[PDB]
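> Got a sequence here, can you build the structure:
(chains A, B, C, D, E, F, G, H and I)
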Amino acid sequence: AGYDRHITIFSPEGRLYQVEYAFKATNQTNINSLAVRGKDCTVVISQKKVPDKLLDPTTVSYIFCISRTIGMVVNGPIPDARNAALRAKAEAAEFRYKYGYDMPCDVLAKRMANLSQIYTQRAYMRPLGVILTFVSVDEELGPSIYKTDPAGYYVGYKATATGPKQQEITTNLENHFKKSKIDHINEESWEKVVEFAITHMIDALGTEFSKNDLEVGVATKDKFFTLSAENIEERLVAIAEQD
Amino acid sequence: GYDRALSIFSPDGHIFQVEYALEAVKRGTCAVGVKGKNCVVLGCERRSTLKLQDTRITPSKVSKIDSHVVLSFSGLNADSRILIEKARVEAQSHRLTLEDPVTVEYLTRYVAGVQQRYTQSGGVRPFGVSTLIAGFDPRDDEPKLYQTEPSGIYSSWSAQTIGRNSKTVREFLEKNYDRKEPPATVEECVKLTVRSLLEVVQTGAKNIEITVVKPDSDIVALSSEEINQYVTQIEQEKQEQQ
Amino acid sequence: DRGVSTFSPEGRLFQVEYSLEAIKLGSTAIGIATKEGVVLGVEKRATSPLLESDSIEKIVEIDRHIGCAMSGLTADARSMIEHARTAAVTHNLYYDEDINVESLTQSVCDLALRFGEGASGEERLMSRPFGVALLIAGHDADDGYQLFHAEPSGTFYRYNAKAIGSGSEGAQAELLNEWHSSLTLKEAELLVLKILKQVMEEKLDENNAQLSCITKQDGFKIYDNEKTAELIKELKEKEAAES
Amino acid sequence: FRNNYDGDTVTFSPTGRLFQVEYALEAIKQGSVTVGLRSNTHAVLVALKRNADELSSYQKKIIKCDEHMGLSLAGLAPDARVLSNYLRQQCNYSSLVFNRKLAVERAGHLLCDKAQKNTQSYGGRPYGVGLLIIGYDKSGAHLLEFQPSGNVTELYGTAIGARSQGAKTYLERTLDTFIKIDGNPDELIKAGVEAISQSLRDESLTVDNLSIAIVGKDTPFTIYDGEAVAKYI
Amino acid sequence: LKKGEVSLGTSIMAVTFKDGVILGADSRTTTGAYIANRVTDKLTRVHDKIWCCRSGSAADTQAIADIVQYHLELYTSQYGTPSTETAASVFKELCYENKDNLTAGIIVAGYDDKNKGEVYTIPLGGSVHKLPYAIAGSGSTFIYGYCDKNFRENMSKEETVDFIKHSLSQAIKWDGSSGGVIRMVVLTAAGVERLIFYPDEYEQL
Amino acid sequence: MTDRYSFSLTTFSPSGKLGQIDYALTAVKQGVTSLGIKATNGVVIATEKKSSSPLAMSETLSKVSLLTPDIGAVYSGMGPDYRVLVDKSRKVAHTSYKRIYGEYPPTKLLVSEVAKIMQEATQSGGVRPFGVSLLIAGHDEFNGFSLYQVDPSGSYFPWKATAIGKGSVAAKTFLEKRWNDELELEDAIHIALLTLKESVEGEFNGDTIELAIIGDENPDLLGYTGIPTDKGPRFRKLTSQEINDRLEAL
Amino acid sequence: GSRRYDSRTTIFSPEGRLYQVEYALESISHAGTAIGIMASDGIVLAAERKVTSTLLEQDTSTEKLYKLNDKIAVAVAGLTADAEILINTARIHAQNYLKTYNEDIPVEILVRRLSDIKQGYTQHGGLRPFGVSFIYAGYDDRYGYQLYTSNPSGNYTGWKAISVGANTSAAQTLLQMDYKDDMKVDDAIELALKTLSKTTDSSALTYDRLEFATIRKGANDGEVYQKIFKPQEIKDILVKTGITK
Amino acid sequence: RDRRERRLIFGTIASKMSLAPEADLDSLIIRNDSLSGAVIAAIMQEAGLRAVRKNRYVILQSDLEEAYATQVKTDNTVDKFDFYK
Amino acid sequence: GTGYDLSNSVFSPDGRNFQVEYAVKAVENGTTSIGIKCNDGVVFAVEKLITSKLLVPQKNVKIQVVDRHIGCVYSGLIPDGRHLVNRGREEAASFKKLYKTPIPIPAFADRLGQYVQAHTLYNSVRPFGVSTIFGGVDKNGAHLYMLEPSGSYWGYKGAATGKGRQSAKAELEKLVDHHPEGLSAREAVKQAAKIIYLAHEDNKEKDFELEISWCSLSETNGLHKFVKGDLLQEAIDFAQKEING
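Numbering: from 1, shown residues only, chains lettered A, B, ... in the order given. Sharing the structure here:
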C-alpha cells in the first residue's frame, strides 16, 4: 500500500498510530475538564482561557449547546471541534424529526463512535482528535454523562475527567462515594450542585480560577445553560462566604 | 477512481509494460502458419508431458472467430479468452449490420484495437498474448495471414512464427518458401509445417495439431494417425539427403 | 509511478519530453507542398519472403481530401485516426464542406492532454501521451494545398515542407535547397525519390517506399505500387547515367 | 529535497508555495515577448510572433476571443488554447444570459478561481502560461495580467516574455507622456514598437514577426498583421 | 394533493398585541363526516416562541412541517434565534417547488425580542406576505369586518384573549367544518402560555 | 479533487502472505480472553467484562452482542472493528430473512454473511480490512447449538469448544479435559469459571466476567404472556448476582 | 493524491510474471489437500483436512466439499473466505444458464467465466486476486465425466487425476502408476485410499481427517447422484480396504 | 511478578521506611499488575524518598499514592491500548 | 515527524501537522491588513503596496465585498484569498434565497470554516494559506471576526495579521484601551490610519497607498461602503501629525 502513518492502515503491531496520538496531545491545549452528576442536574467545569484582551471571549466556546437541552463539552481544538459539532447538531435534529424524540446522550455517543471508526479505516481521512462529553438531564435516565474518545471507542460514565489531573479528580470522588454509598449527591438547587463540584475541583487541580478562566455548563430537565461571568464569581465567593 | 496511470513511457521511447508482455509469449508454446496458394496451414503445439491430462476437455488453441476465420495464439490462456470473446462479437456485429459476411482486414483492426486501448488507457495493462489471425475474405480463394502483438501493432506476413524459438523456425522456413513459387498441394505444404514444428516440439506427432484452412469455411483438422505417417516419412527423407 | 503534473526547472513537463523520444525512432515521413499538390512520402522498409510487404503501408487516408503519414509508434496512431474521422464526419454533416487541417489538429491535441490521475479541470483517463507525430496533409478551398506537423505535445505548425522521423536531421537540410517557390507536383515526387535513395542503405523499391499526392480533381490519392514502381524504374537509370 | 514535494499538486512546502508553481512562472519567459500599454481611452497590445524555421509558418500569438476582445500568450501553447476556449464560453454565456460583453476585471476574477481549483487538484497542474488580456468595456480601457497560479493585476503597462524588466524600464519613463494623449490612437501604438525593440538584445525586429492589436473607445478589436505594422515603427 | 385527506378546523389566526403576538386556532378532525378526534392540537412548534397554524390537508402540512422543524433547530443553535421572516421563507420555498403534490396554507406567528411580534402569511400556492395581523382558513372571510374595526394598537393581554375568543366563536358558529376545542398560545416576553377552551365555553363567550 | 484511492491496500508479499491479515492477528492475540462452550444442553459464552473506571458504567460497554435472537457473539481483537461489524451483521440478518423465510438465518448461514463482510474489506482498497476474530455461538432449530470461529480474513471453521485471545492453548486444555459432551449448561458455567481462574490471576471476580447463555426459555422470551404462536428468543444474559451465585455453587 | 501513497503490484515483472499471482500459488501449496480421481462409472473425490481435533467438529464434512449443483461440485484447496465469493457467484451463474435455456450449464462454460473474473482482479482495478485453487468434479453428456482445475492466473486444464494443496507431489507420483484407464467406482475407492495413507504422515489416516465424496450413476439413486460421505460411511470404507493404519 | 510476588516487594521495602496501620496493600495490588521485581522495588523506594523531599516525615498509604501519581505521567493518555478498555 | 508534511489525512503527535505550519507561515509573508471593532460598527483598512507607476489605484484593493454588509480583507497570497471569498459569495447567494435574510457574520465564519476544515481532513485537497479579517453589522449586533488557515477562527475586538501583525496589535491595544472599544466610527478611521502607519515601519522597501472601508449602523446605515474623499484625507493628516515620520 503506502505506509502506516502516511495513510491510515494497520501498524506492524496491529496498533493504529493515529488513534493513540489522537488521545495524547489534544488535551494539552490548556484544557482540563471534569463532569460530575447532580441529583436533578449535571454539572461540567471546564477550563477556558483567552490570552489577548483583544479576543472577545464570548465567541470563545468549548461547551456548546447542541440542542435546547443537550450540551457537548469538547476537549481539543476548534478546527476539529466544529467538524464534530456539525455532525452532532445534525444528528440531534434528524433524530428529533424522524423518531419523534429528543436525542439521548448515549445514542449520540454510539453513532458518532461508529462514524469515527469508518474515517479511521479510510485512507484519505483521519479520526478527529477531539474527546466529546455529551450531557443533559434525560427524562429517560436522570442526569447522564456519556463520553466518546477518539478510536471509535466510547463508554458511559457516572462522573469523568480528562487531562492529566484525571487521577486526582477520581480519587477524591471515589473515596467520597465509598463512604456515602452513593455516586450521586442529593441536592435540589443547581447552586449547591456547582459548590459540590468546585470543592472537589479546587482540591484536585490544587488551584482556583477566575470567571473568564472557567466556563460552567449546567444541565437541567429540559434546559442546558451556561453561567454568565458574574454568575461563576458568585459561586466562588459563595463558598468563601462560608469561610 | 482507477483511471489513473498504470502504463508509463520509457526514456528510450518504448513502453516498459509492452516490453514485458512479449516475454510471457516467448516462455510459452509455439504456433506457426505457413501459406500455400490454395490453403493456409496452422500448426499448434499440444506437448502433453504428463499422461494424467484428459484431453477432450483440456483447452484447445484453435478458436472460431468466424466460420471462414481462425485465431491461434501463444500466451496466457486467461488473457486470451478475454480477447477471443471480444473478437467473436465483432464478426456478428458486422454480419448483423452490413448484411454482409466479414472481411479479414477489419477484424484484424478490431483485435489490434482492444490491445492498443489497454496500453493507452489508465488503470489497465495490455494482454499477455500474441496472436495469429488467418482466413479467407468472402468469395476469395487467396490466403490471408496477419500477426498482431499486445503492443497493438499489426502486419501481414507470408508466414510467421511466434512463441519459444521463433528465431529457429523463421530461419528454417526462409529456405523452404519463395513468394514466386509457394506450394500448390496440401500434402507438401503440411509436410513442411509438420517438419518445422517437429524440430522445436522435440517428440511430437500427437502433440502437434495441424488445421488446414481452404477457401470459405472448409476448415479441417488433421489427426494423429495422419501425422505419425508424415513423421515416418520425414525419417526416410533425412536418409535420402544424407 | 512518474509525475503527470511535475515540471522541469525550465517548466517543461517530463511526459512531453518523453513523448519526443518515441517519435525519433520511426521511419522518415517527408512532405513538400507545392502549388499543384502536396506530396507525402514514407519509407515503409523491410523486405522478406516471409512478409507481405505490399499489404502494409504507413500512408492512411482520413477523408476524401486528407491523409496522414506517421513516424514513431504505429499503434498510437490508430487512436488518433479514430478521433479524427469522427470529428471530420460530424462537421461534413453540419455545414456540408471540408474541415480545416489546422482545425483537426487542435481537436485531436485536446485529448492528448489526458494522461495520469485526473484533474478537476479535466478527466484524465489515459496513462501516457501519444508517442507518434504526424504530418497531416490536405486541401481546403480557402487556403488550397497545405501541409501540417502535429506534435503530440500540443503544438502544431504549418509548413511548406517538413520531415519527421529518425533520418529528419539530413532530410530537412536537403528539403531547403531543393525547395523554391516555383516547385511543382511532378518535380517534387522525383526529388522525394532522390532524397529517399540517398539516405537508404538499400536499393529503393516500392516494398520499402510509398508515394502519395493530392490533386483537387480527386482529393487525397494514393500513388499506387504499380505507378510508384514505374517512377523508381525511371530513377535508377537516370541517376545511373550521371555516373 | 526537490523530489520530495514534487510528484503531485496538493502539497505546500516551507517556501510558502510549491516548487512546480515557480517553474510555471519561469516558462512564460521562455515564450514570446508581448508588451501591454494603455492611455485611458484605448489600450494597445504589441506581440512578437516566432516560428521555428524558414519553411515554417508563424504561430499566432494573438487569439481573438470577441469582436471587442483578444489576448496574447507567452509560455506554454497547449494551455493557452484550453484557456482561450474557456474565456470564449464565459463571454458568450454572459451575452446570452445578461446581454453583457464580459469586463476584463470580471473575467480575471472567474479565471483566478479556475486556477486555484487546478492547483489543489493533485493530477491537475499549473497552466504554465501567462496572458495579457486587453479590453474596452464600459469600465474604460483595460490591461490585465493573468498568471497561471491565479495572480490577476490591473495595470497601465507591463510585459511578459523575454526581458520583461527590459520593456518595463522603457514604459515607466515614457509613461506620463503617452497616457495623457487621449483620443489619438497612433501615438500610443508608435510607443509600443519603440519600446519592444529595446527589450530585445539577442533578437532583432522585423515586419512579419510583429503584430499589433488595438481595442478602444473607437477601435473595435482590430489586428495589424504582417505588412501593415511598418507604419507604426 | 397526495392520496388521502384528513380535513381540519379551517379557521386560524394570529393577532398581535402589546406584549407580543397571540396565535389562536380551532381544532377538530374529521375523515369524511366521521369525527376522528374531538380534541386535537393544530398549533405546531417550529421554534420555541414561534408556532404555526396548519391549514389545507393534514398530511401535506405535516410532511412540510418536519422539514421546517429540522432546518430551524439547526438555525437556532448555529446562526442564532430565527425570525418569522426566516421561517416564512422555508415554508414558501418547499411549498412553491412542491405546489403540484402538496397544499399548505400556513400562518407562521412569532415573538422575537428584536422585532417584537411578527405575522407572516403563506398562501396555498406559496408566497411570503407580511401583514399586521392575519386571518386565514375559510371562515376568516365572515369575520374580516369584525377583526379590522376592533383590531386596534397596543392591546391589553386579556382584551386580545377576548378578541381572539370572540373572533373564532363567530367563525365556528357560521362555518360547519369548524368545531371542537380552541387552543391558543400567548407568545410574550414571559414565555408561552397555553389556553384550551372546551366546546361549552367559547360558544357562550 | 476528492479521493482517487482504489488501489488495494491488502497485497501479496513474497511468501504468499497478506501483510494486513498478519498485522491484524497480532492485535487479536493480545485481545481479551474469550471462550465458547457447547454444553450440548445449551451453549455458554464468557468473556471478560473489564471496567475503564470505577466511576464508569460498563452497561454501555459491549463485549457480548446479540447478533440475532438465539445467537450471541464474543471476540478478541480490536473493539472499534467489532462494534461496526456487529452492526452490518444485524442489519442484513433482519432485512433479508425475518419475513422472507419468516425467521432468523441459520448459524452457518450467518457465519458466511460475516465472512463476506470481512472479505469485501480485504479485497477492496480505500479501507483497510477488519481486525477481529469472533466466536459465534448459537442455537438454530435446524442445526442445534453451534460454535464457529470467524477469522480476520473471513476464513471460518466449525468448533465445539475453543478460546482465542491471550492464553488460549492452556485454556483449551482445561476445557478439553472437563467436558466431552452431554453436560448440563449449569455445569459448563462452573467449568468455565475454573478454566478462567487459572488463566487470569491478579484479581478475579464474577464482576469481571460477563456471561451469556443461549440455552433457556422464559415466557418473557417469547415476549408475551399469552397463547404461543412461536417460540422466540433463547438468548439470556445473566446479571452479576446470578454469576456470583454460580461461583458459590461448587 | 494516491500516486505516492500507493504502489503498483499489479504490473508485469522482468520475466513476464505478475507479483501477486505467483505468490498466490505459494499460498495454496501450504493449504490443505484436495484430490480428484475421475473414474468412468463415477468420480471419486478425497481431501485431507490437515490437523483435526476433538475441539473442532469433524462432523461437518462440507468444510471443503461444496456442491455448486446437483451435477457439479468442487473440492477446495486454499482459504474458506476466498472460496466463498466464487462459490456463491458460480451458483448464481448456474441459475442464469438454467433460466435461459432450461438446461444446466456444462462444466467448461462455468470454468471459463470463473477464470475471467479471477484474471479481472489483476487485469484492472489494482485489486488483489483470490488465493484458492478449485478442482472441478463435473458432468457432461458431450464429454462424460469431467475433471478440471483452475487457478488464480485463470488457466484451466483437463484432467482425470489431479491434486492441489500440500503434498501434491507425493500423491501424484503414486497415482500415475496405480491408475487404470477405465475403471469402476469401487476399484477407485481402493486405489484412492491406498494412495491416501502413504501421503499422510505416520499413523494418521482416519475417517475424521478425511472428506470423501463419490458421484455414482446408481440404480436406487439418479443418474449423477453425488454422495458426500458423512463420517460413518468413511469409517466403513476404511475397514473394507483395511487401511486405517 | 505474579500477585503473591508483588505483594512481598511492597512489604519488604515498606519495612525499611516509616509505616503505620495505613500502608494498605489491598489498594496496591489493583494499582500494579506484573511489573518486574526491579521495577516494583525501584518505585516503592523512590516514593519514600519523594515524600520526604515534599517535607513529610510520615509515610502513609496516602503518601505513596500522591508521589506515584505525579511520577507516572504528566501527559493524558486515554485508558489502556486500542485493544480493550 | 513525517507523512504530515504531505498529508492531512492522518494526525501529527505534535497535534499540529507540518503542512499546516507552512500554511500559517505564508500568511505572515504577505502584507498587513487589520480590523477595528468600534462602539457601532467595524472599520477595515489595509496597506496596499506601490512598486511601480504601472499599477492603477482602486482596482487592486484587497477589500472584497460578500453580500451587502460584510467586507473581507486578507493577508497572504492573492489566489487563495479570492477563491475562499468566491465560495463565501456562492453560499451567501444561496443563504439569501432560502431564508430570505442576509448571511450573518457568524454564519459566514462557519461557511469558511467548514471549507477550510474539509481540506484539512483530506490529503487529496490542499487548503488555504490566507488569514481573512471580516465583519459587519447584522440583526444581532456588530461583529469582527478573523479566520486563520487551520480552520480556527473566533470573534475578536481587534485583529491584525501579516508582516506588520505585531506593530499593529501594539498601536491598536493602546487605542482600544483609551476608548471604551474604539469610540465612534469617524474616530476609528483616524485611529486606523495611525495603525497602518506604525505597521508600514516593518515594510520600508515599498511606498503604500491607504485604503479604508467601514460598515456602520450610525453613519453608513448597515451597508459596507468605502471610506474615501474628505474622510480618508483627514485620516492621512492625523497619522502624519502624531506619528512623526
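> Pull the number of nearby residues for the closest residue to residue F:56 other than its chain neighbours.
Nearest residue to residue F:56 in three dimensions, chain neighbours excluded: residue A:157, at 5.0 Å (CB to CB, 6 or more residues apart in numbering or on different chains). (Each C-beta comes from the backbone N, C-alpha and C, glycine too.) Residue A:157 sits with 20 neighbouring residues when counted by other CB atoms under 10 Å in any protein chain shown.
> now the one 5 residues further on
As a burial measure, the neighbour count of residue A:162 was computed by other CB under 10 Å and equals 25.
> residue contacts, residue G:165?
Listed by CB atoms under 8 Å, 6 or more residues apart in numbering or on different chains, the contact set of residue G:165 reads G:28-29, G:31-34, G:47-48, G:77, G:133.
> What helix or strand is residue I:53 located in?
Secondary structure assignment for residue I:53, by DSSP states H and E: no helix or strand.
> my guess is it meets residue D:174, correct?
No - Residue I:53 is beyond contact range of residue D:174, at 11.4 Å (criterion: CB atoms under 8 Å).
> Which single residue of chain B ends up nearest chain I?
Residue of chain B nearest chain I, by CB to the nearest CB: residue B:1 (10.3 Å).
> what about that residue, distance to residue I:6?
20 Å (CB to CB, to the nearest Å).
> and if you look at residue F:221?
Residue F:221 sits 56 Å away from residue I:6, going by CB to CB.
> Please say which of the two ends up with more neighbours.
When residue F:221 and residue I:6 are compared for neighbours, residue I:6 comes out ahead with 23 against 16, by other CB under 10 Å.
> Skip the chain neighbours and tell me the closest residue to the more buried one.
residue D:11 (5.2 Å).
> what pairs with the nearest residue to residue F:237 once chain neighbours are set aside across the strands?
Leaving aside its chain neighbours, residue F:237 sits nearest to residue F:212 (4.5 Å; criterion: CB to CB, 6+ apart). Residue F:212 has these beta-bridge partners by DSSP bridges: residue F:45, residue F:237.
> Now for residue F:212: which residues touch it?
F:44-46, F:64, F:72, F:74, F:235-238.
> and what of residue F:211?
Counting by CB under 8 Å, 6+ apart, residue F:211 has contacts F:44-46, F:189, F:192, F:237-238, F:243.
> Of those residues, which is the nearest to chain E?
The shortest approach to chain E among the contacts of residue F:211 belongs to residue F:237, at 36.4 Å (CB to the nearest CB).
> which strand is the longest one in chain F?
In terms of residue count, the longest strand belonging to chain F (DSSP state E) is strand F:132-140.
> what lines up beside the helix or strand just after that one in the sheet?
Where DSSP H and E defines the elements, the next helix or strand beyond strand F:132-140 is strand F:144-150. When pairing is defined by DSSP bridges, strand F:144-150 lines up against strand F:132-140 (antiparallel), strand F:156-159 (antiparallel).
> what does chain E have sitting close to chain A?
Taking CB under 8 Å from any CB of the partner chain as the criterion, chain E approaches chain A at residues E:48, E:66, E:69-70, E:73-74, E:76-78.
> now do 6 Å
Chain E has residues E:66, E:69-70, E:73-74, E:77 near chain A, with proximity defined as CB under 6 Å from any CB of the partner chain.
> Out of these, list just those in helices.
E:66, E:69-70, E:73-74, E:77 (DSSP state H).
> how far out from the middle of the chain is the top helix by length along chain H?
Assignment by DSSP H gives helix H:37-53 as the longest helix of chain H. A distance of 7 Å separates the centroid of the chain from that of helix H:37-53, by CA atoms, centre = their mean, to the nearest Å.
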